[PDB]
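Visitor:
Residue numbers (the numbering used here), protein chains in the order written: chain A, 222 to 353; chain B, 222 to 353; chain C, 222 to 353; chain D, 222 to 353; chain E, 222 to 353; chain F, 222 to 353.
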């Protein structure tokens, strides 16, 4: 799934769309997405002026947007997140977002997310969603 | 503490600085910050085009920045967050960010954060920080 | 009137829409609007780098946009403005915009506007509009 | 006076600096400035989506910034403005800003401003400043 | 051809639309376009912080967009460019873009472009396009 | 060479810095740089609204910035470019920029640049620089 298709699946748009493509998809099971980290993204100017580092909260949003793609190919709002920010992410990194469904029902979904650069884990989260 | 002082305390800057002022401060104990939610903030164009709603992850970042102000008046990176997104936040809302210290040591800090509009709770989190 | 409705009433959009909500409305008479002032608004980076202060001309535009909301719930272009900038406005302020109609005709309208923070008057203006 | 010098004279910066160069200067008397109107300026996206027209309030700010250049080559805040918006200004226009000093004292200045495209007058204003 | 018409002819939009108006048009032969250079354009903040100068590559894009207008009034992608950057372009300059068709076929077009400030040549290019 | 070092070598900054890291460097000979292509970069909103594709002219600028890094680790302005845009580049692509020096003298440098995604060539250029 290329960026043009991702844009239509994900309701978020610039400057708050943090998926570039889908790399792997097992419906009702798992998705793997890619987000290129570019020094030319607007949030880096503010985080931080002296040192560009990807904000952990935006890794969480990327994981949530990957989950939404997984849901839709099988209005979702993040209902909760339990996240550990293990390692920092920099311009030049290719961020890999892996989502595994834990449980889905008509009104909610609970997933486990792992963010990786290469195959070093940089972020792990459990996310829950509601069907607003 | 007005915006000009907040700007110097918090290393984040536009478009990733999400505190406007400090309202209440008990050093080593508690801080209460204010973030005005304005429809003229850049992230609303992307979240969402059809319906401007504050991203929950940016409420988390606001809570984290309030904590950093509390730490400094007593390089902090979010190390973990356990957050429940209870209620949505809209342009026109005055977001109140209340941080209570749980435990601080030379190398880490753990806090409980509550975000409110009026005195309706919209977000609750436990946050941990490292001293990078 | 919430932001979503304001967005559809006012033809201006980001980064030039300076109303968040309507607080009070007496058709053909008076409107009271709210604009949250946020340090995360794009114009503050340029006015001024050393010290964020709301440009008076953008308070005028906010007053004009409030007037347009009042007109429409009863293409308007600012035709004239006679304005006194009394007191400065800062990130964290809730700007209250009060418009009273002086005279409306098929082709023009003349209003008196008052901008307040709390109930301290920060700006007073007489505005006229044409029906372009 | 080219843009690089204008940038240092005027405390405003992007996206709120609305002078490109100084064309004519008689100290303590008169200044003539130029502002190119470009469709690639950020405010046009919001004013208006369907039809790009320069906001009159930003012509006022341009006139005020020209005045500040005149003052400095002989912290100024707009204290008042009495302005008539005669004719619209579009991308592609070269906006000419002519400022004539009415009266200056240690603490205030009052000027008359005329904005022109070609030699058609598009805006006329009387402006006053304080020495904040 | 004013900006509103240019916007509909050219598929590029803010912040990548670099034509303001069409000044002269001989279909299947020649076009002359105008791009105002404004210090309030977003790319100047990055090129360069210490000294605003128009990037030569964006003059090339302006020449390419002028060519596309000429094509359409008689999806084009730049296929090649052979360009000499003779003289620098600054905020305050009115950039004149002159395109002469060399050869057009159903699937490609080759043009010669000259960019001028006043009638000093600042850029000369040969451009080719494909019909993607 | 990571992004933080690239930022100090290259005078361009956001939104006109198009290198993320240096991958390979043989002084006075060759450099290989990486630019992540992210759908969250500001130029994609304008090129094109319906379909995000990297502008070829910005690949040229990326090649020029890679060359400048090579020069400095051994004020450069693009003096000329002879470029063939072979294949399109999309959000999600990792753009590889390979520069080989042809000839350097005290006042000028001539290089050959190749841009690749994977090891498919997307752009080839000959660039010349002056020492402004």
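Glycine is no exception: its CB is placed at the ideal position from the N, C-alpha and C atoms.
Should residue 326/B be labelled buried (16 or more other beta-carbon atoms within 10 Å of its own) or exposed?
Guide: When all chains shown are included, residue 326/B counts as exposed.
Visitor: Per DSSP, residue 321/F is paired with what?
Guide: 251/F and 333/F.
Visitor: In its own chain, which residues sit with a C-beta less than 8 Å from the C-beta of residue 324/D, not counting the 5 before and 5 after it?
Guide: The residues are 330 and 331.
Visitor: Would residue 219/C pass as a contact of residue 309/C if the rule is Cβ separation under 8 Å?
Guide: Beyond the ends of chain C as shown, which are 222 and 353, falls residue 219/C; an answer cannot be given.
Visitor: Measuring alpha carbon to alpha carbon, tell me which of 328/C, 233/C and 227/C ends up nearest residue 244/C.
Guide: If we check each option's Cα against that of residue 244/C, 227/C comes out closest.
Visitor: For a contact meaning CB atoms closer than 9 Å, what does residue 303/E contact in chain F?
Guide: Within 9 Å Cβ-Cβ: 301, 302, 303 and 304.
Visitor: Taking only beta-carbon positions, decide if residue 291/F is within less than 8 Å of chain E.
Guide: By this cut-off, residue 291/F is not an interface position.
Visitor: Can you name the start and end residues of the beta strand (DSSP E) that residue 281/B belongs to?
Guide: Taken as a continuous stretch (DSSP letters only), residue 281/B belongs to no beta strand (DSSP E), being part of the alpha helix (DSSP H) at 277-293.
Visitor: Residue 353/C by DSSP, collapsed to three states: which one?
Guide: Residue 353/C: coil per DSSP, three-state reduction.
Visitor: Measuring CA to CA, which of 241/B, 234/B and 249/B is closest to residue 292/B?
Guide: That would be 249/B, whose Cα lies nearest to the Cα of residue 292/B.
Visitor: Scan the region 258-270 of chain E for residues whose Cβ lies nearer than 9 Å to a Cβ of chain I and list them as they occur along the chain.
Guide: Looking for chain I here will not work: the only protein chains present are A, B, C, D, E and F.
Visitor: Distance, Cα to Cα, residue 335/D vs residue 307/D?
Guide: Cα to Cα, the separation comes out at about 11 Å.
Visitor: Rank 328/A, 343/A, 341/A and 254/A by C-alpha distance to the C-alpha of residue 349/A and give the top, closest one.
Guide: Comparing Cα-Cα distances from residue 349/A to each of 328/A, 343/A, 341/A and 254/A, the minimum goes to 328/A.
Visitor: Taking residue 371/C as the query, report the chain D residues whose CB atoms sit under 8 Å from its CB, ordered along the chain.
Guide: The first residue shown for chain C is 222 and the last is 353, placing residue 371/C beyond what the model contains.
Visitor: State yes or no: is the beta carbon of residue 282/C nearer than 8 Å to at least one beta carbon in chain D?
Guide: Yes, residue 282/C counts as interfacial toward chain D.
Visitor: Taking Cβ positions, are residue 304/A and residue 301/B nearer each other than 8 Å?
Guide: Going by C-beta atoms, residue 304/A is nearer than 8 Å to residue 301/B.
Visitor: Does the ligand FMN have a heavy atom nearer than 7 Å to the CB of residue 236/E?
Guide: Ligands in the displayed structure: none, and consequently the ligand FMN is not present.
Visitor: If you measure from the beta carbon of residue 278/F to each beta carbon in chain E, is any gap under 8 Å?
Guide: Judged by the 8 Å Cβ criterion, residue 278/F is in contact with chain E.
Visitor: Would the region 267-284 of chain F count as touching the region 232-239 of chain E if we require 3 or more Cβ pairs under 8 Å?
Guide: Judged by Cβ distances under 8 Å, the region 267-284 of chain F makes contact with the region 232-239 of chain E, as three or more pairs qualify.
Visitor: Can you list, in chain order, the residues of its chain with a C-beta nearer than 7 Å to that of residue 333/E? Leave out the 5 residues immediately preceding and following it.
Guide: Cβ within range, chain order: 321, 323 and 347.
Visitor: With residue 306/C as the anchor, note down where its alpha helix (DSSP H) starts and where it stops.
Guide: Element bounds for residue 306/C: not the alpha helix (DSSP H) but the beta strand (DSSP E), 297-306.
Visitor: What residues in the region 232-251 of chain A have a beta carbon less than 7 Å from any beta carbon of chain B?
Guide: From the region 232-251 of chain A, only 232, 233, 234, 235, 236, 237 and 238 have a Cβ closer than 7 Å to chain B.
Visitor: Please report the Cβ distance between residue 256/D and residue 316/D, rounded to the nearest whole angstrom; I am assuming they are in contact, meaning their Cβ atoms lie under 8 Å.
Guide: 4 Å between Cβ atoms; contact.
Visitor: Would you mind telling me which residues of chain F sit closer than 9 Å to residue 286/A, beta carbon to beta carbon, in chain order?
Guide: Residues of chain F passing the Cβ test: none, with the nearest at roughly 11 Å.
Visitor: Would you mind telling me which residues of chain F sit closer than 8 Å to residue 313/A, beta carbon to beta carbon, in chain order?
Guide: Those within 8 Å of residue 313/A in chain F are 223, 224, 241, 242, 255 and 257.
Visitor: Could you please give me the residues that DSSP links to residue 245/A through a beta bridge?
Guide: 253/A.
Visitor: To the nearest angstrom, how far is it from the Cα of residue 242/D to the Cα of residue 285/D?
Guide: About 14 Å.
Visitor: Within the continuous alpha helix (DSSP H) that includes residue 227/D, where are the two ends?
Guide: That run of the alpha helix (DSSP H) goes 224-230.
Visitor: In this structure, what does DSSP give as the bridge partners for residue 338/D?
Guide: 316/D and 341/D, per the DSSP bridge assignment.
Visitor: Exposed or buried, what is residue 340/F when buried is set at 16 or more other beta-carbons lying within 10 Å of its beta-carbon?
Guide: Its Cβ having fewer than 16 others within 10 Å, residue 340/F is exposed.
Visitor: Tell me the DSSP secondary structure of residue 273/B in three-state form.
Guide: Residue state, collapsed to three classes: coil.
Visitor: In terms of DSSP beta bridges, what is residue 346/D paired with?
Guide: According to DSSP, which records beta bridges pairwise, residue 346/D is partnered with 304/D and 334/D.
Visitor: Residues in its own chain within less than 7 Å of residue 276/B by CB, not counting five upstream and five downstream?
Guide: Excluding residues within five positions, the ones whose Cβ falls inside 7 Å are 264 and 268.
Visitor: Assign residue 338/F to one of two classes, buried (16 or more other C-beta atoms within 10 Å of its C-beta) or exposed (fewer than that).
Guide: It counts as buried.
Visitor: If distances are taken between C-alpha atoms only, which option among 247/B, 343/B and 278/B comes closest to residue 222/B?
Guide: Closest by alpha carbon: 247/B.
Visitor: Would you mind sorting residue 353/A into buried or exposed? The rule is 16 or more other CB atoms within 10 Å of its CB.
Guide: Looking at its Cβ environment, which holds fewer than 16 other Cβ atoms inside 10 Å, residue 353/A is exposed.
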